[PDB]
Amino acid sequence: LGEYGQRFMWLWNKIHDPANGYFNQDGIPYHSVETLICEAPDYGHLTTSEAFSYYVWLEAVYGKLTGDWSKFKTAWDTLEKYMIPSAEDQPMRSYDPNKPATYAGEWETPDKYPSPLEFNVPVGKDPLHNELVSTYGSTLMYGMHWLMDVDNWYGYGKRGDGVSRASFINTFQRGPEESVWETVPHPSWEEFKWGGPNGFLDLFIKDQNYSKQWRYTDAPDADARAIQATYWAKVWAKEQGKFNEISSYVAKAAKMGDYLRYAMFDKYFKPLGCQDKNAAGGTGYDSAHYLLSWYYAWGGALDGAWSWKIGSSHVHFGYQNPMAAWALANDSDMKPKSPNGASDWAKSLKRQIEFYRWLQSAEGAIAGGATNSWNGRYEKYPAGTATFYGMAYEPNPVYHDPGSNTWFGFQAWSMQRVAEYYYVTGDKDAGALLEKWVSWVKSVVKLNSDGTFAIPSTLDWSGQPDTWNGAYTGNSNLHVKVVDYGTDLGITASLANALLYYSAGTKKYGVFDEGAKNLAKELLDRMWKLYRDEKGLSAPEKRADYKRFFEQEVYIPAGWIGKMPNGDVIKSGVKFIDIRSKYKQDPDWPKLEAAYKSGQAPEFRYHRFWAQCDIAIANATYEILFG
């Protein structure tokens, strides 16, 4: 009704206008309307569980502002139908909780893969499996696979059929230095139809022999975002007296939350702090870090001879979600059906808040995270390494070039969730954590005199936090630096969103931080004034990194020869473009070619689905909180 709720409706209409091309023919959202883009997905009409989580979120807010919950319902409907592997996709049998997987090391460079399986390395026990099967009556893992080839652009199809849309694929498998430019896109369902003699398996894992198999990878941050969104849909619908419409969808989030607990465990269920790959495996919750790790994953042979499940030893603050955790732990509508689900989430909420505090720099920005597997090989931490419940501090968990915490974006995404949690609960630790972070945000955001703005784009880090012992020390030797600035609109909106929930919280619990409200309102106003276009909002960005289309060598072992579904030959020396020759059909290909041949950085105005969502949600958030 107000200026800001109307802003949401306008952009919402742009997003849902079928001619704008945010969705495919099945109503699956793409990563972006534009196809020529490479950053985490390597093609614009792939999609992520991230995009799906933002879709649920957008429609939850639509439900608040309209009272119409059909959009939220179909969002979840599409999510379950396509993004969660069906019973046919994950026919899991012969799982052994006492031996959940077999160990393989992680290695610093892609040329060190395939990683050899090490059959003598002890793995711990999985204490979730039996409870979950007993609770749900099924072996189906209720979590989103992270990456989808929406319109079968790569050509793997569904379950190796080579035709079907909504195709499950994966890329990242070769360690901390395998950038988006250096992957080999491969099917989640492996039947040896493509790639080499053993499909794509022996690029990644070295074994004595290879079996046809399926495997999926969950991105815990996305599943938690979907739960977070559903929490708000739950309270908003309850307020309108419409809880019952969306009741079985609140249950979807509860079940997803029940399975998301796999993200809380060490990769191979090794005890926290073990620092020895040959050490005995954990006997249960001694291998739980209780944080939202980089992934969980699960696989199984096509015949059903065996199956496996892994968590992840690596944790990034950018993944955490105290709002989702609180909801699953405490809200009786949201509590998982398993005996221990809610209790585990209560543990996670506490551990997550401690993690944020432990990582808070001298300035206020949040440092990267921690690992329970040094170098991904359970090695001994160097002397003087700062630790958190036996886990070693890492400035850049999981990825090193470029570092996973050199991206400012995680600051906004993750602290938005803390801000929501604080707004809801008044948690003193969350409040103190936010106050210092907001103080830092105020000192780094540029509100220019001419009406423009700039937010941090790249960050750099030095030092370490103090080792964690339950109390924040100030971490005087942990430092952030802003390396450069940009106008990332999705992140700008997320930052505004975070500042708004914090501001509303301080009004509710302490001294109203008007400045935080005003910084957020300005960001949203200036953005609205400057960046509206035909399909939503976009700001120009140069992508000098796109020379890697042409220049980036993809590592392939000597003598290993395979083929992509379109016929592209995979061998030593191939470039990014050589295994993706269909990119040459892209409407923007001449533009990229012209820029590259001329030694110029190509420029784009992107409409990323999540970015448009963050913008719509942030504006509506002002209306909901300060309207």
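Note that residue numbering begins at 1 and tracks the sequence as displayed.
Among other compared entries that model residues flanking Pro176, every one gives it coordinates, keeping it clear of the one-third cutoff.
Annotation: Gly304 belongs to the positions left without coordinates in at least a third of the other compared entries, with flanking residues modelled.
Averaged over their C-alpha atoms, the temperature factors of 297-305 and 259-267 are higher for 297-305. For the segment pair 495-503 and 216-224, the entry gives 495-503 the higher mean B-factor, averaged over Cα atoms. Per the PDB record, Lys521 has a higher Cα B-factor than any other of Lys347, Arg543, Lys521, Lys428. Note on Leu201, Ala327, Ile556, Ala233: the highest value goes to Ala233, judged by CA B factor as recorded.
Annotation for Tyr113: C-alpha temperature factor in the middle third relative to the rest of the modelled chain, per the entry. Remark: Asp26 belongs to the highest third of its chain, ranked by C-alpha B-factor as recorded. Annotation for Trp10: CA B-factor lies in the highest third of the chain's modelled residues. In the deposited entry, the Cα temperature factor of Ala616 places it in the middle third of its chain's modelled residues. Among all modelled residues in its chain, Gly384 ranks in the middle third by Cα B-factor.
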